[PDB]
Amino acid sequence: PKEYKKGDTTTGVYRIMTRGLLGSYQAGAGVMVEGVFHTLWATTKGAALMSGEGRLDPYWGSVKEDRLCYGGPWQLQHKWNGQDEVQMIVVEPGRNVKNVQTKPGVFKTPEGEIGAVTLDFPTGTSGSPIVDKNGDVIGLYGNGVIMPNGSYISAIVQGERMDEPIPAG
């Protein structure tokens, strides 16, 4: 019964699937970088994930910042430079993956400030990575918030790289 081991952590973009009553559906998306899976807290709320022949357990998270990672500390380090356009790697449930280019905006936080995108995709797309012109992940597609005209914008969810103690077996 060999689920005592770390699962597959191949670098890439992933769909997060789960079982419902009648079948399976996509709960969200995420990104695997440096052997660590990154997603929003809201997509799994900490549930363990099967990956290949093993498991990934939650490692660190922040409900407030809507960030969650598995298999090690938060590795994503790059941020939107505030000027350039970005590309979202859109992992919409039931759709082929596509890259969509967009100009983020700065939007008014009480607790500081945040970049947001005007792109409006279903909430099962949440946790899809957003990349810069180098393919560096600058954040994740956050859950949308409603504007005065009834349109939605979504935060670029991102925070600081966190430290890992030196591994030994």
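So that there is no doubt, residue numbering starts at 1 and follows the sequence shown.
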Q | Segment of higher mean CA temperature factor, 137-145 or 111-119 | A | 111-119
**Q.** Of 92-100 and 77-85, the one with larger mean CA B-factor
**A.** 77-85
Q | Most elevated Cα B-factor in the entry, residues 57, 53, 34, 66 | A | 53
**Q.** residue 21 by Cα B-factor - lowest, middle or highest third of the modelled chain
**A.** highest
Q) Against its chain's modelled residues, does residue 49's Cα B factor rank lowest, middle or highest third? A) middle
(Q) Among the modelled residues of this chain, does the Cα B factor of residue 127 put it in the lowest, middle or highest third? (A) lowest
Q: Name the third of the chain's ranked CA B-factors that contains residue 27, choosing lowest, middle or highest.
A: lowest
Q. Once the chain's modelled residues are ordered by C-alpha B factor and cut into thirds, is residue 106 in the lowest, middle or highest one?
A. highest
